[PDB]
$ cat start_15.txt   # compact mmCIF, C-alpha atoms
# COMPACT_ATOMS: atom_id res chain seq x y z
CA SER R 1 85.60 95.19 87.56
CA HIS R 2 87.57 92.05 86.77
CA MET R 3 88.94 89.74 89.44
CA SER R 4 92.47 90.35 90.68
CA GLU R 5 95.43 87.98 90.75
CA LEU R 6 96.43 87.25 94.36
CA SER R 7 99.55 85.66 95.83
CA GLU R 8 99.81 84.66 99.50
CA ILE R 9 102.57 86.47 101.38
CA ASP R 10 101.63 86.03 105.06
CA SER R 11 99.07 84.64 107.48
CA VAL R 12 98.05 85.89 110.94
CA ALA R 13 95.33 84.45 113.20
CA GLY R 14 93.79 82.50 110.33
CA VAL R 15 93.67 85.52 108.01
CA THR R 16 95.59 85.19 104.75
CA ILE R 17 97.43 88.29 103.54
CA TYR R 18 97.82 88.46 99.76
CA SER R 19 99.99 90.51 97.47
CA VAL R 20 97.80 91.91 94.71
CA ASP R 21 99.73 91.12 91.56
CA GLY R 22 100.38 94.21 89.46
CA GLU R 23 101.08 97.88 90.07
CA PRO R 24 100.97 99.95 92.14
CA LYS R 25 102.31 97.51 94.72
CA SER R 26 99.70 96.52 97.30
CA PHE R 27 98.62 93.80 99.70
CA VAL R 28 95.16 92.94 100.96
CA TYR R 29 93.40 91.03 103.72
CA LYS R 30 89.84 90.49 104.94
CA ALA R 31 89.48 90.55 108.72
CA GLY R 32 87.43 91.72 111.65
CA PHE R 33 87.86 95.21 113.04
CA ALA R 34 88.77 95.83 116.67
CA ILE R 35 88.86 99.40 117.96
CA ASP R 36 92.26 100.92 118.70
CA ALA R 37 91.74 104.00 120.85
CA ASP R 38 95.52 104.59 121.12
CA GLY R 39 96.36 108.21 120.42
CA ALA R 40 92.94 109.51 121.42
CA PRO R 41 93.55 112.13 124.14
CA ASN R 42 90.42 111.01 126.02
CA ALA R 43 91.10 107.24 125.87
CA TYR R 44 92.69 106.88 129.31
CA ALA R 45 92.42 108.73 132.60
CA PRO R 46 92.61 107.97 136.33
CA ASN R 47 89.74 106.03 137.87
CA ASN R 48 88.32 104.78 134.57
CA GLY R 49 87.66 108.33 133.41
CA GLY R 50 88.54 107.70 129.76
CA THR R 51 86.63 106.27 126.83
CA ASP R 52 88.47 102.99 127.50
CA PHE R 53 88.89 101.29 130.86
CA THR R 54 92.16 102.43 132.40
CA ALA R 55 93.55 98.91 132.84
CA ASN R 56 93.39 98.32 129.09
CA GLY R 57 96.44 100.60 128.96
CA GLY R 58 98.19 98.68 131.74
CA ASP R 59 98.88 99.55 135.37
CA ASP R 60 98.66 103.31 136.04
CA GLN R 61 100.10 103.04 139.58
CA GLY R 62 103.78 102.59 138.64
CA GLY R 63 103.57 99.14 137.03
CA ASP R 64 103.64 98.01 133.41
CA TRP R 65 101.89 100.80 131.48
CA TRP R 66 101.83 100.45 127.69
CA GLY R 67 99.16 103.04 126.94
CA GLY R 68 101.60 105.91 126.53
CA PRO R 69 104.64 107.67 127.94
CA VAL R 70 105.49 107.61 131.64
CA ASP R 71 107.32 109.87 134.07
CA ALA R 72 110.56 109.10 135.91
CA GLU R 73 108.64 107.05 138.50
CA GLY R 74 106.69 105.05 135.93
CA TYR R 75 103.31 106.80 136.20
CA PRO R 76 101.51 107.82 132.99
CA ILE R 77 102.13 111.37 131.83
CA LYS R 78 99.10 113.57 132.47
CA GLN R 79 97.98 116.10 129.88
CA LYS R 80 98.56 119.78 130.61
CA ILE R 81 96.27 122.83 130.41
CA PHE R 82 97.32 123.29 126.75
CA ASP R 83 96.52 119.67 125.83
CA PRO R 84 93.09 118.47 124.63
CA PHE R 85 92.02 116.71 127.86
CA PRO R 86 93.89 118.12 130.88
CA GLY R 87 94.48 115.51 133.56
CA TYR R 88 93.86 112.56 131.24
CA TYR R 89 96.80 110.35 130.36
CA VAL R 90 98.82 110.82 127.17
CA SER R 91 97.98 107.88 124.90
CA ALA R 92 100.59 106.93 122.29
CA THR R 93 100.57 105.39 118.83
CA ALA R 94 103.55 103.82 117.08
CA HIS R 95 103.32 106.40 114.28
CA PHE R 96 104.14 109.91 115.44
CA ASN R 97 104.61 113.53 114.42
CA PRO R 98 108.24 114.53 115.17
CA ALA R 99 107.24 118.19 115.64
CA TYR R 100 106.12 117.36 119.18
CA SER R 101 107.77 115.98 122.31
CA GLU R 102 107.33 112.45 123.61
CA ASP R 103 105.17 113.69 126.50
CA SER R 104 102.72 115.52 124.20
CA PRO R 105 99.38 114.13 122.97
CA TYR R 106 100.04 116.11 119.78
CA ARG R 107 102.94 113.79 118.95
CA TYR R 108 100.54 110.87 118.47
CA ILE R 109 97.83 110.08 115.95
CA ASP R 110 94.43 111.01 117.40
CA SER R 111 92.29 107.89 116.93
CA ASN R 112 89.14 110.00 117.34
CA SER R 113 89.95 112.20 114.32
CA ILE R 114 92.28 110.28 112.00
CA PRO R 115 91.36 107.11 110.06
CA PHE R 116 94.20 104.68 110.72
CA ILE R 117 94.81 100.95 110.53
CA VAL R 118 96.86 98.71 112.80
CA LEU R 119 99.17 96.08 111.37
CA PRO R 120 100.42 93.22 113.58
CA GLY R 121 103.93 93.50 114.93
CA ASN R 122 106.34 91.44 112.82
CA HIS R 123 103.73 91.43 109.99
CA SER R 124 104.08 94.80 108.29
CA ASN R 125 104.81 93.05 104.97
CA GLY R 126 106.95 95.92 103.74
CA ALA R 127 104.70 98.73 104.98
CA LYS R 128 106.18 101.58 107.01
CA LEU R 129 104.26 103.71 109.50
CA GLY R 130 102.57 106.54 107.62
CA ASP R 131 101.94 104.48 104.48
CA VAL R 132 98.40 104.71 103.11
CA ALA R 133 95.60 102.19 102.63
CA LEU R 134 92.08 101.90 101.28
CA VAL R 135 89.62 100.25 103.68
CA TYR R 136 86.22 98.83 102.70
CA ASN R 137 83.32 97.37 104.70
CA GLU R 138 81.60 94.75 102.54
CA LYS R 139 78.47 94.77 104.76
CA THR R 140 77.82 98.53 104.68
CA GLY R 141 79.46 99.48 101.38
CA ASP R 142 81.42 102.20 103.20
CA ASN R 143 85.07 102.98 102.58
CA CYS R 144 87.81 105.30 103.75
CA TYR R 145 91.46 106.07 103.10
CA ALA R 146 93.68 105.51 106.12
CA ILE R 147 97.29 105.46 107.30
CA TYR R 148 99.20 102.63 108.92
CA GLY R 149 99.25 104.34 112.30
CA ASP R 150 99.83 101.76 115.03
CA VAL R 151 101.36 98.33 115.66
CA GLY R 152 99.34 95.53 117.24
CA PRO R 153 100.11 92.18 118.84
CA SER R 154 101.91 89.85 116.44
CA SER R 155 99.15 87.23 116.88
CA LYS R 156 96.14 89.45 116.07
CA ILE R 157 94.95 91.14 112.89
CA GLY R 158 92.16 93.52 111.94
CA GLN R 159 92.06 96.71 113.96
CA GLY R 160 91.83 100.44 113.40
CA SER R 161 90.95 103.81 114.80
CA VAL R 162 87.73 105.20 116.26
CA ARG R 163 87.37 107.53 113.27
CA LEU R 164 87.97 104.70 110.79
CA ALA R 165 85.22 102.69 112.50
CA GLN R 166 82.88 105.69 112.15
CA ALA R 167 83.70 106.00 108.45
CA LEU R 168 83.03 102.27 107.92
CA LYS R 169 79.80 102.29 109.99
CA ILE R 170 81.22 99.97 112.65
CA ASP R 171 80.42 100.67 116.30
CA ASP R 172 83.27 102.96 117.39
CA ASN R 173 83.07 102.50 121.16
CA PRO R 174 86.46 101.43 122.63
CA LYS R 175 84.75 99.33 125.33
CA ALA R 176 82.24 97.35 123.30
CA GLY R 177 82.54 98.39 119.65
CA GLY R 178 84.26 96.83 116.69
CA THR R 179 83.34 93.51 115.16
CA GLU R 180 84.70 89.99 115.10
CA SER R 181 83.03 89.32 111.75
CA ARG R 182 85.51 89.29 108.86
CA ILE R 183 83.80 92.07 106.92
CA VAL R 184 86.58 94.64 106.46
CA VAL R 185 88.88 94.52 103.45
CA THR R 186 92.13 96.47 103.88
CA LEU R 187 94.28 97.30 100.84
CA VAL R 188 97.70 98.58 101.92
CA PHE R 189 100.14 100.42 99.64
CA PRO R 190 103.56 99.59 101.14
CA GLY R 191 106.25 102.13 100.37
CA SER R 192 103.69 104.84 99.62
CA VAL R 193 104.65 107.46 102.26
CA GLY R 194 106.77 106.12 105.13
CA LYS R 195 106.78 109.33 107.19
CA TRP R 196 104.47 111.71 108.99
CA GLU R 197 102.72 114.27 106.80
CA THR R 198 99.54 116.28 106.98
CA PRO R 199 96.32 114.30 106.54
CA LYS R 200 95.39 116.40 103.50
CA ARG R 201 98.64 115.29 101.86
CA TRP R 202 98.48 111.58 102.65
CA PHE R 203 94.77 111.42 101.82
CA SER R 204 95.47 112.93 98.40
CA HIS R 205 98.29 110.43 97.87
CA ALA R 206 95.97 107.55 98.84
CA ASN R 207 93.45 108.92 96.34
CA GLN R 208 96.03 109.04 93.54
CA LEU R 209 97.26 105.51 94.26
CA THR R 210 93.70 104.19 94.44
CA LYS R 211 92.82 105.79 91.10
CA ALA R 212 95.94 104.31 89.50
CA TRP R 213 95.14 100.90 91.02
CA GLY R 214 91.58 100.82 89.63
CA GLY R 215 89.44 102.40 92.32
CA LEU R 216 86.94 101.10 94.79
CA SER R 217 85.22 99.21 91.97
CA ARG R 218 88.23 96.90 91.71
CA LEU R 219 88.43 96.42 95.49
CA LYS R 220 84.71 95.61 95.64
CA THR R 221 85.21 92.78 93.15
CA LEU R 222 88.35 91.66 94.95
CA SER R 223 86.45 91.46 98.25
CA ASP R 224 84.34 88.64 96.78
CA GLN R 225 87.56 86.62 96.29
CA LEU R 226 88.62 86.81 99.96

$ encode --input "start_15.txt" --output "structure tokens"
Amino acid sequence: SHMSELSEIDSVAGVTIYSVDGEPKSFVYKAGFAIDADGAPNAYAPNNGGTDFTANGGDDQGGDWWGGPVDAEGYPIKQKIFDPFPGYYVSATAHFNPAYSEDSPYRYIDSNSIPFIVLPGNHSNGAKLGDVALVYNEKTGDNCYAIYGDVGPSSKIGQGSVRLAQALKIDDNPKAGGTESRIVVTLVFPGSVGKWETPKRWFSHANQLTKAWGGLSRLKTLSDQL
């Protein structure tokens, strides 16, 4: 394809975020890819039983716990017999399905099964949780549609779900996976969805926007500009 016209709109951690001039509206950045296991129902459990170390969700003994919802005494909610991993903690994502209660793993986006990206807090650049994106790994040639599913630290950029890592052929392990190399190009369509909907529906919408925008071929050429 031809090169795209790019206009800087933001910068986080040395990564420039560009509006892609034209329609449909989109922005793009090239960054590393840290693993966000948030929302996976096996991410966190007592005594380091999860796929991540427990302390990466905070203090599970009544202290500051950010991994997910807590009970009235500040301890993480444990999954029930009707939840995917009974006795593990409920891990939360910023994006959620309103059909389920705050204490339910089903309210959150399962990182193991759903391709999702993280955007830095205070750096959404017009995107709303549930909006779609096209994600491309320039070193493997792999790609995947994804939703904006979680919010990261305001000072960090380039992170996504276990399943997105799998789709991109990046090591998906929450404890040692991901990459610091700036090899992932993320094209976000702000204003595209802005709510929870079934993955079949948002994936189809991502496909329609990507076709209108010029397809992976255009993003491949654009990656050489970043």

$ residues_around --input "start_15.txt" --residues "residue 66 of chain R" --least-positions-apart "4" --cutoff "12 Å" --atoms "only C-alpha atoms" --output "PyMOL selection string"
chain R and resi 38-39+44+54-60+62+70+74-77+89-94+152

$ residues_around --input "start_15.txt" --residues "residue 210 of chain R" --least-positions-apart "2" --cutoff "12 Å" --atoms "only C-alpha atoms" --output "JSON, numbers by chain"
{"R": [23, 24, 25, 26, 132, 133, 134, 135, 143, 144, 145, 146, 187, 188, 189, 192, 203, 204, 205, 206, 207, 208, 212, 213, 214, 215, 216, 217, 218, 219]}

$ closest_residue --input "start_15.txt" --among "R:46, R:40, R:211, R:121" --to "residue 108 of chain R" --atoms "all atoms listed in the file"
R:40

$ closest_residue --input "start_15.txt" --among "R:14, R:22, R:87, R:32" --to "residue 137 of chain R" --atoms "only C-alpha atoms"
R:32

$ atom_distance --input "start_15.txt" --atom1 "atom CA of residue 41 of chain R" --atom2 "atom CA of residue 196 of chain R"
18.7 Å

$ closest_residue --input "start_15.txt" --among "R:42, R:34, R:191, R:173" --to "residue 116 of chain R" --atoms "only C-alpha atoms"
R:34

$ residues_around --input "start_15.txt" --residues "residue 226 of chain R" --least-positions-apart "6" --cutoff "10 Å" --atoms "only C-alpha atoms" --output "ChimeraX atom specification"
/R:6,15-18,28-31,182-183,185

$ closest_residue --input "start_15.txt" --among "R:127, R:67, R:85, R:33" --to "residue 157 of chain R" --atoms "only C-alpha atoms"
R:33

$ atom_distance --input "start_15.txt" --atom1 "atom CA of residue 53 of chain R" --atom2 "atom CA of residue 156 of chain R"
20.3 Å

$ residues_around --input "start_15.txt" --residues "residue 83 of chain R" --least-positions-apart "3" --cutoff "10 Å" --atoms "only C-alpha atoms" --output "list in words"
residues 41, 78, 79, 80, 86, 87, 88, 90, 104, 105 and 106 of chain R

$ residues_around --input "start_15.txt" --residues "residue 115 of chain R" --least-positions-apart "3" --cutoff "8 Å" --atoms "only C-alpha atoms" --output "list in words"
residues 111, 144, 145, 146, 147, 160, 161, 162, 163, 164, 165 and 167 of chain R

$ atom_distance --input "start_15.txt" --atom1 "atom CA of residue 117 of chain R" --atom2 "atom CA of residue 177 of chain R"
15.5 Å

$ closest_residue --input "start_15.txt" --among "R:131, R:125, R:48, R:155" --to "residue 209 of chain R" --atoms "all atoms listed in the file"
R:131

$ axis_aligned_box --input "start_15.txt" --around "segment 211-215 of chain R" --padding-each-side "4 Å" --output "AutoDock Vina command-line options"
--center_x 92.7 --center_y 103.3 --center_z 90.9 --size_x 14.5 --size_y 13.0 --size_z 10.8

$ build_atoms --input "start_15.txt" --residues "segment 188-211 of chain R" --atoms "N, CA and C atoms" --output "PDB file, keeping the file's coordinate frame"
ATOM      1  N   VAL R 188      96.577  97.772 101.475  1.00  0.00           N
ATOM      2  CA  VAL R 188      97.700  98.580 101.920  1.00  0.00           C
ATOM      3  C   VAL R 188      98.636  98.827 100.748  1.00  0.00           C
ATOM      4  N   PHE R 189      99.147 100.062 100.639  1.00  0.00           N
ATOM      5  CA  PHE R 189     100.140 100.420  99.640  1.00  0.00           C
ATOM      6  C   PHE R 189     101.501 100.550 100.316  1.00  0.00           C
ATOM      7  N   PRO R 190     102.272  99.472 100.446  1.00  0.00           N
ATOM      8  CA  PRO R 190     103.560  99.590 101.140  1.00  0.00           C
ATOM      9  C   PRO R 190     104.524 100.445 100.328  1.00  0.00           C
ATOM     10  N   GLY R 191     105.313 101.253 101.033  1.00  0.00           N
ATOM     11  CA  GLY R 191     106.250 102.130 100.370  1.00  0.00           C
ATOM     12  C   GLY R 191     105.650 103.419  99.861  1.00  0.00           C
ATOM     13  N   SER R 192     104.388 103.688 100.185  1.00  0.00           N
ATOM     14  CA  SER R 192     103.690 104.840  99.620  1.00  0.00           C
ATOM     15  C   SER R 192     104.058 106.168 100.263  1.00  0.00           C
ATOM     16  N   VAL R 193     104.369 106.196 101.565  1.00  0.00           N
ATOM     17  CA  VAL R 193     104.650 107.460 102.260  1.00  0.00           C
ATOM     18  C   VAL R 193     105.826 107.296 103.225  1.00  0.00           C
ATOM     19  N   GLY R 194     105.660 106.470 104.256  1.00  0.00           N
ATOM     20  CA  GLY R 194     106.770 106.120 105.130  1.00  0.00           C
ATOM     21  C   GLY R 194     107.268 107.247 106.004  1.00  0.00           C
ATOM     22  N   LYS R 195     106.421 108.224 106.312  1.00  0.00           N
ATOM     23  CA  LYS R 195     106.780 109.330 107.190  1.00  0.00           C
ATOM     24  C   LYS R 195     105.485 109.992 107.622  1.00  0.00           C
ATOM     25  N   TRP R 196     105.586 110.839 108.644  1.00  0.00           N
ATOM     26  CA  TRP R 196     104.470 111.710 108.990  1.00  0.00           C
ATOM     27  C   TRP R 196     104.303 112.820 107.955  1.00  0.00           C
ATOM     28  N   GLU R 197     103.054 113.070 107.563  1.00  0.00           N
ATOM     29  CA  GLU R 197     102.720 114.270 106.800  1.00  0.00           C
ATOM     30  C   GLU R 197     101.288 114.650 107.116  1.00  0.00           C
ATOM     31  N   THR R 198     100.884 115.835 106.662  1.00  0.00           N
ATOM     32  CA  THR R 198      99.540 116.280 106.980  1.00  0.00           C
ATOM     33  C   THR R 198      98.511 115.306 106.413  1.00  0.00           C
ATOM     34  N   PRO R 199      97.369 115.170 107.081  1.00  0.00           N
ATOM     35  CA  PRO R 199      96.320 114.300 106.540  1.00  0.00           C
ATOM     36  C   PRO R 199      95.866 114.710 105.149  1.00  0.00           C
ATOM     37  N   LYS R 200      95.766 116.009 104.855  1.00  0.00           N
ATOM     38  CA  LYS R 200      95.390 116.400 103.500  1.00  0.00           C
ATOM     39  C   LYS R 200      96.352 115.797 102.478  1.00  0.00           C
ATOM     40  N   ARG R 201      97.650 115.818 102.786  1.00  0.00           N
ATOM     41  CA  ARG R 201      98.640 115.290 101.860  1.00  0.00           C
ATOM     42  C   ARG R 201      98.558 113.773 101.712  1.00  0.00           C
ATOM     43  N   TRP R 202      98.516 113.030 102.823  1.00  0.00           N
ATOM     44  CA  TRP R 202      98.480 111.580 102.650  1.00  0.00           C
ATOM     45  C   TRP R 202      97.153 111.110 102.072  1.00  0.00           C
ATOM     46  N   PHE R 203      96.053 111.786 102.399  1.00  0.00           N
ATOM     47  CA  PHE R 203      94.770 111.420 101.820  1.00  0.00           C
ATOM     48  C   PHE R 203      94.792 111.613 100.312  1.00  0.00           C
ATOM     49  N   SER R 204      95.372 112.722  99.843  1.00  0.00           N
ATOM     50  CA  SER R 204      95.470 112.930  98.400  1.00  0.00           C
ATOM     51  C   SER R 204      96.346 111.859  97.761  1.00  0.00           C
ATOM     52  N   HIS R 205      97.431 111.467  98.432  1.00  0.00           N
ATOM     53  CA  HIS R 205      98.290 110.430  97.870  1.00  0.00           C
ATOM     54  C   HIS R 205      97.556 109.086  97.809  1.00  0.00           C
ATOM     55  N   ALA R 206      96.796 108.751  98.859  1.00  0.00           N
ATOM     56  CA  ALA R 206      95.970 107.550  98.840  1.00  0.00           C
ATOM     57  C   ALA R 206      94.975 107.587  97.688  1.00  0.00           C
ATOM     58  N   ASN R 207      94.391 108.759  97.435  1.00  0.00           N
ATOM     59  CA  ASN R 207      93.450 108.920  96.340  1.00  0.00           C
ATOM     60  C   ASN R 207      94.125 108.683  94.993  1.00  0.00           C
ATOM     61  N   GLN R 208      95.330 109.223  94.812  1.00  0.00           N
ATOM     62  CA  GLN R 208      96.030 109.040  93.540  1.00  0.00           C
ATOM     63  C   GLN R 208      96.423 107.584  93.336  1.00  0.00           C
ATOM     64  N   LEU R 209      96.906 106.917  94.388  1.00  0.00           N
ATOM     65  CA  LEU R 209      97.260 105.510  94.260  1.00  0.00           C
ATOM     66  C   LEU R 209      96.034 104.661  93.964  1.00  0.00           C
ATOM     67  N   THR R 210      94.928 104.951  94.646  1.00  0.00           N
ATOM     68  CA  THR R 210      93.700 104.190  94.440  1.00  0.00           C
ATOM     69  C   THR R 210      93.194 104.351  93.016  1.00  0.00           C
ATOM     70  N   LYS R 211      93.214 105.580  92.489  1.00  0.00           N
ATOM     71  CA  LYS R 211      92.820 105.790  91.100  1.00  0.00           C
ATOM     72  C   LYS R 211      93.710 104.987  90.154  1.00  0.00           C
TER      73      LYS R 211
END
